[PDB]
Amino acid sequence: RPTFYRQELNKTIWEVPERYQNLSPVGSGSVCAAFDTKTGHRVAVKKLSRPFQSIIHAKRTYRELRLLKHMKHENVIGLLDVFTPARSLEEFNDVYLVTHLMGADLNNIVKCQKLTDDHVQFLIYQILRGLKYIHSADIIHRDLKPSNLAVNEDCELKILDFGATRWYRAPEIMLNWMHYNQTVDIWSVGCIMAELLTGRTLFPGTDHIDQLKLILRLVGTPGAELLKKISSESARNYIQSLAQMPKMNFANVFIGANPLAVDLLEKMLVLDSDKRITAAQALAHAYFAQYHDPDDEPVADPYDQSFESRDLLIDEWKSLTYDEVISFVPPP
Ligand SMILES: CC(C)(C)c1cc(NC(=O)Nc2ccc3ccccc3c2)n(CC(=O)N2CCS(=O)(=O)CC2)n1
Ligand SMILES: CCCCCCCCO[C@@H]1O[C@H](CO)[C@@H](O)[C@H](O)[C@H]1O
């Protein structure tokens, strides 16, 4: 067991192994940049806020640790370390997670640099590659957006979740549909890719209802085949309130873009989630010919999510969380 030290940062206490130096705030968990002396690389340290305050917080904490411990892929956040100051389960109250520091998020990149068609292919490729992995663990991101995409100076990318979001959100989540297939994240990729292509937000909605009106203007009112799958008597009427919008031709909308990019966008921004391209299918799309490698798009180990159906006591979640801190094995 390491020796820890205490530092006060923006009224927050931080007790970290000495391994980690130069803690320096990044925003409010709360997150600090730090320098890892055992590697001479810079890292990001997240202190979980109030990990065990309620049963629900406790199950969230356990959910995060289990997920981050499972994710082992180049385009997805991974765990370099997980620690606690506690010497014992009785003392256990704080969890810290450690991962690679990345320099910038995709928003930053898009704002001060017009990307070439090659850049869009590499960036979107990598998002689909991490997504193929995450989806293969039967996980749904649900909040994919540029601020959740960490990008290095070689334009290499990792998917994570820091925790308007509405701009990249599938229309079924904003109509609280409740089922949700993994292609809600594919919706998000089409929004992001459209924005990499034009330099502009595709659906900059003012609020919830503006968001939907903007979506329907591009992709049109639900066609007969979609209207047929909507079980909810209520929803059906609410939809057939909205103005009878035609689907726009995307070739006309993204005027000077690679015709392969347009075609992929048509296959991502489909109202019907059953008709949306999957991440694995998209990786086979001709727009990615220069990057696609079917022997290097790995899938995840089976992921035991049986905890999700469990309603347990705070201290049981806490004990489970503590077990997982103990059993952690850092990467090579
Ligand atoms: C694999 C994917 C889907 C992409 C992923 C990664 C993360 N979470 C994450 O990225 N944690 C972070 C973020 C910044 C960090 C910065 C420094 C160090 C560690 C850091 C850990 N989530 C969300 C999550 O864990 N829960 C579970 C808990 S919840 O409250 O249910 C919300 C979703 N999903
Ligand atoms: C007016 C706004 C129309 C929103 C249409 C969103 C329909 C998305 O697609 C629907 O996704 C569900 C998964 O959650 C599936 O159960 C349905 O089979 C599928 O058609």
# chains A, B, ... in the order shown; residues from 1 in each chain; ligands from 1
call {"tool": "residues_around", "arguments": {"residues": "stretch 151-168 of chain A", "least_positions_apart": "5", "cutoff": "8 Å", "atoms": "only C-alpha atoms", "output": "ChimeraX atom specification"}}
result
/A:74-77,102-106,123,126-127,130,141,143-145,187-189,191-192,201-205,207-208,211
call {"tool": "write_last_selection", "arguments": {"atoms": "N, CA and C atoms", "output": "mmCIF file, in the first residue's frame"}}
result
data_model
loop_
_atom_site.group_PDB
_atom_site.id
_atom_site.type_symbol
_atom_site.label_atom_id
_atom_site.label_comp_id
_atom_site.auth_asym_id
_atom_site.auth_seq_id
_atom_site.Cartn_x
_atom_site.Cartn_y
_atom_site.Cartn_z
ATOM 1 N N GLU A 74 -8.860 0.869 -27.694
ATOM 2 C CA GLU A 74 -8.113 2.108 -28.002
ATOM 3 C C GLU A 74 -8.952 3.371 -28.183
ATOM 4 N N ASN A 75 -10.218 3.192 -28.545
ATOM 5 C CA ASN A 75 -11.079 4.355 -28.773
ATOM 6 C C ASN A 75 -12.077 4.537 -27.666
ATOM 7 N N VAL A 76 -11.790 4.018 -26.473
ATOM 8 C CA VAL A 76 -12.738 4.108 -25.345
ATOM 9 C C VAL A 76 -11.954 4.379 -24.081
ATOM 10 N N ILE A 77 -12.453 5.264 -23.243
ATOM 11 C CA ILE A 77 -11.768 5.509 -22.001
ATOM 12 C C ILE A 77 -11.431 4.221 -21.306
ATOM 13 N N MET A 102 -6.241 13.514 -21.872
ATOM 14 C CA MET A 102 -6.281 13.942 -23.266
ATOM 15 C C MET A 102 -6.495 15.436 -23.371
ATOM 16 N N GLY A 103 -6.007 15.962 -24.482
ATOM 17 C CA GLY A 103 -5.612 17.370 -24.553
ATOM 18 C C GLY A 103 -6.821 18.230 -24.750
ATOM 19 N N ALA A 104 -7.776 17.703 -25.514
ATOM 20 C CA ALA A 104 -8.874 18.502 -26.032
ATOM 21 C C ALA A 104 -10.084 17.620 -26.338
ATOM 22 N N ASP A 105 -11.264 18.202 -26.368
ATOM 23 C CA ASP A 105 -12.405 17.452 -26.850
ATOM 24 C C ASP A 105 -12.730 17.875 -28.289
ATOM 25 N N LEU A 106 -13.584 17.092 -28.917
ATOM 26 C CA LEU A 106 -13.936 17.312 -30.300
ATOM 27 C C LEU A 106 -14.576 18.683 -30.596
ATOM 28 N N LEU A 123 -11.858 10.504 -37.868
ATOM 29 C CA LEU A 123 -12.549 10.790 -36.636
ATOM 30 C C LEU A 123 -13.861 9.949 -36.483
ATOM 31 N N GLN A 126 -13.076 6.197 -36.027
ATOM 32 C CA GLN A 126 -12.689 5.856 -34.689
ATOM 33 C C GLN A 126 -13.869 5.841 -33.727
ATOM 34 N N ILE A 127 -14.822 6.778 -33.895
ATOM 35 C CA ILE A 127 -16.004 6.757 -33.032
ATOM 36 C C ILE A 127 -16.801 5.441 -33.217
ATOM 37 N N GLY A 130 -14.859 2.447 -31.559
ATOM 38 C CA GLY A 130 -15.113 2.325 -30.107
ATOM 39 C C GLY A 130 -16.552 1.948 -29.822
ATOM 40 N N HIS A 141 -24.373 4.094 -24.928
ATOM 41 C CA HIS A 141 -23.781 5.356 -24.383
ATOM 42 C C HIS A 141 -24.899 6.306 -23.920
ATOM 43 N N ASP A 143 -25.474 9.445 -24.420
ATOM 44 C CA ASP A 143 -25.170 10.890 -24.450
ATOM 45 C C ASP A 143 -23.936 11.148 -25.320
ATOM 46 N N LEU A 144 -23.827 10.505 -26.491
ATOM 47 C CA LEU A 144 -22.659 10.740 -27.324
ATOM 48 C C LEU A 144 -22.784 12.150 -27.855
ATOM 49 N N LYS A 145 -21.683 12.891 -27.783
ATOM 50 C CA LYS A 145 -21.596 14.258 -28.245
ATOM 51 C C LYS A 145 -20.140 14.657 -28.228
ATOM 52 N N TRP A 187 -27.626 7.553 -34.258
ATOM 53 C CA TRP A 187 -28.211 8.900 -34.422
ATOM 54 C C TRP A 187 -27.238 10.023 -34.044
ATOM 55 N N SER A 188 -26.682 9.909 -32.841
ATOM 56 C CA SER A 188 -25.678 10.821 -32.354
ATOM 57 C C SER A 188 -24.453 10.961 -33.276
ATOM 58 N N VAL A 189 -23.921 9.859 -33.778
ATOM 59 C CA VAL A 189 -22.811 9.907 -34.744
ATOM 60 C C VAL A 189 -23.179 10.654 -36.004
ATOM 61 N N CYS A 191 -25.299 13.130 -36.207
ATOM 62 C CA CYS A 191 -25.289 14.568 -35.829
ATOM 63 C C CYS A 191 -23.874 15.133 -35.767
ATOM 64 N N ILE A 192 -22.982 14.298 -35.245
ATOM 65 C CA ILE A 192 -21.612 14.746 -35.039
ATOM 66 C C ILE A 192 -20.925 14.826 -36.419
ATOM 67 N N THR A 201 -23.558 23.058 -36.091
ATOM 68 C CA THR A 201 -24.487 22.185 -35.388
ATOM 69 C C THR A 201 -25.612 21.817 -36.318
ATOM 70 N N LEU A 202 -25.946 20.543 -36.401
ATOM 71 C CA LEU A 202 -27.006 20.159 -37.338
ATOM 72 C C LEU A 202 -28.391 20.512 -36.813
ATOM 73 N N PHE A 203 -28.660 20.220 -35.546
ATOM 74 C CA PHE A 203 -29.970 20.523 -34.998
ATOM 75 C C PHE A 203 -29.788 21.410 -33.714
ATOM 76 N N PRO A 204 -29.434 22.704 -33.869
ATOM 77 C CA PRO A 204 -29.230 23.574 -32.654
ATOM 78 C C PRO A 204 -30.540 23.996 -31.950
ATOM 79 N N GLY A 205 -31.215 23.043 -31.304
ATOM 80 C CA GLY A 205 -32.508 23.293 -30.740
ATOM 81 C C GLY A 205 -32.363 24.132 -29.485
ATOM 82 N N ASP A 207 -34.945 24.356 -27.223
ATOM 83 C CA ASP A 207 -35.410 23.562 -26.138
ATOM 84 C C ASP A 207 -35.940 22.258 -26.721
ATOM 85 N N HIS A 208 -36.670 21.528 -25.897
ATOM 86 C CA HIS A 208 -37.050 20.159 -26.239
ATOM 87 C C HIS A 208 -37.892 20.073 -27.487
ATOM 88 N N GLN A 211 -36.094 21.222 -30.634
ATOM 89 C CA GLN A 211 -35.168 20.158 -31.052
ATOM 90 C C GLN A 211 -35.870 19.200 -32.016
#
call {"tool": "closest_atom_pairs", "arguments": {"of": "chain A", "to": "ligand 2", "cutoff": "9 Å", "atoms": "only C-alpha atoms and all ligand atoms", "output": "tab-separated table"}}
result
residue	atom	partner	partner_atom_place_in_ligand_line	distance
A:170	CA	ligand 2	6 (C)	7.6
A:171	CA	ligand 2	4 (C)	5.1
A:172	CA	ligand 2	6 (C)	4.2
A:173	CA	ligand 2	14 (O)	7.7
A:174	CA	ligand 2	4 (C)	8.4
A:175	CA	ligand 2	4 (C)	6.9
A:176	CA	ligand 2	14 (O)	8.6
A:177	CA	ligand 2	14 (O)	5.6
A:178	CA	ligand 2	14 (O)	6.1
A:179	CA	ligand 2	14 (O)	4.1
A:180	CA	ligand 2	14 (O)	3.2
A:181	CA	ligand 2	13 (C)	5.1
A:182	CA	ligand 2	13 (C)	8.7
A:183	CA	ligand 2	13 (C)	8.6
A:184	CA	ligand 2	14 (O)	8.0
A:212	CA	ligand 2	2 (C)	7.0
A:213	CA	ligand 2	1 (C)	8.7
A:215	CA	ligand 2	2 (C)	8.5
A:216	CA	ligand 2	1 (C)	7.2
A:220	CA	ligand 2	1 (C)	8.9
A:221	CA	ligand 2	1 (C)	6.4
A:222	CA	ligand 2	3 (C)	5.9
A:225	CA	ligand 2	20 (O)	8.5
A:226	CA	ligand 2	20 (O)	5.7
A:227	CA	ligand 2	20 (O)	8.3
A:228	CA	ligand 2	20 (O)	8.7
A:229	CA	ligand 2	20 (O)	5.9
A:230	CA	ligand 2	17 (C)	7.3
A:235	CA	ligand 2	1 (C)	8.0
A:236	CA	ligand 2	1 (C)	8.4
A:238	CA	ligand 2	1 (C)	7.8
A:239	CA	ligand 2	1 (C)	5.0
A:240	CA	ligand 2	1 (C)	8.3
A:242	CA	ligand 2	1 (C)	7.8
A:270	CA	ligand 2	8 (C)	8.4
A:271	CA	ligand 2	5 (C)	5.2
A:272	CA	ligand 2	9 (O)	3.9
A:273	CA	ligand 2	9 (O)	3.7
A:274	CA	ligand 2	19 (C)	5.3
A:275	CA	ligand 2	20 (O)	7.7
A:276	CA	ligand 2	9 (O)	8.9
call {"tool": "residues_around", "arguments": {"residues": "residue A:135", "least_positions_apart": "3", "cutoff": "12 Å", "atoms": "only C-alpha atoms", "output": "list in words"}}
result
residues 71, 76, 127, 128, 129, 130, 131, 132, 138, 139, 140, 141, 142, 181, 182, 183, 184, 185, 186, 278, 279, 280, 298, 299, 300, 301, 302 and 303 of chain A
call {"tool": "write_last_selection", "arguments": {"atoms": "C-alpha atoms", "output": "mmCIF file, in the first residue's frame"}}
result
data_model
loop_
_atom_site.group_PDB
_atom_site.id
_atom_site.type_symbol
_atom_site.label_atom_id
_atom_site.label_comp_id
_atom_site.auth_asym_id
_atom_site.auth_seq_id
_atom_site.Cartn_x
_atom_site.Cartn_y
_atom_site.Cartn_z
ATOM 1 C CA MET A 71 -13.537 -1.182 -21.096
ATOM 2 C CA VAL A 76 -12.738 4.108 -25.345
ATOM 3 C CA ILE A 127 -16.004 6.757 -33.032
ATOM 4 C CA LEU A 128 -17.661 3.757 -34.804
ATOM 5 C CA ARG A 129 -14.765 1.567 -33.855
ATOM 6 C CA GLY A 130 -15.113 2.325 -30.107
ATOM 7 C CA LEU A 131 -18.886 2.139 -30.484
ATOM 8 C CA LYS A 132 -18.737 -1.336 -32.118
ATOM 9 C CA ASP A 138 -24.632 -4.628 -24.597
ATOM 10 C CA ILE A 139 -23.942 -1.075 -23.354
ATOM 11 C CA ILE A 140 -25.648 2.064 -24.721
ATOM 12 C CA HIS A 141 -23.781 5.356 -24.383
ATOM 13 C CA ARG A 142 -26.968 7.504 -24.654
ATOM 14 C CA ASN A 181 -31.891 0.075 -29.242
ATOM 15 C CA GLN A 182 -28.137 0.760 -29.457
ATOM 16 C CA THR A 183 -28.740 2.811 -32.717
ATOM 17 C CA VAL A 184 -29.666 5.786 -30.566
ATOM 18 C CA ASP A 185 -25.853 6.223 -30.473
ATOM 19 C CA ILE A 186 -25.775 5.935 -34.276
ATOM 20 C CA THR A 278 -25.269 -0.398 -36.885
ATOM 21 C CA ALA A 279 -21.713 0.501 -35.852
ATOM 22 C CA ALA A 280 -20.325 -2.775 -37.274
ATOM 23 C CA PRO A 298 -12.138 -5.917 -31.641
ATOM 24 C CA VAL A 299 -15.265 -6.724 -29.606
ATOM 25 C CA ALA A 300 -15.594 -6.870 -25.815
ATOM 26 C CA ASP A 301 -15.401 -9.733 -23.392
ATOM 27 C CA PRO A 302 -18.840 -10.745 -22.233
ATOM 28 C CA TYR A 303 -19.935 -8.280 -19.672
#
call {"tool": "residues_around", "arguments": {"residues": "residue A:82", "least_positions_apart": "4", "cutoff": "10 Å", "atoms": "only C-alpha atoms", "output": "VMD selection string"}}
result
chain A and resid 45 to 46 65 68 to 69 95 to 99 324 to 326 328 to 330
call {"tool": "select_by_dssp", "arguments": {"residues": "stretch 16-153 of chain A", "states": "alpha helix (DSSP H)", "output": "PyMOL selection string"}}
result
chain A and resi 55-70+106-111+117-136
call {"tool": "atom_distance", "arguments": {"atom1": "atom CA of residue A:308", "atom2": "atom CA of residue A:90"}}
result
24.8 Å
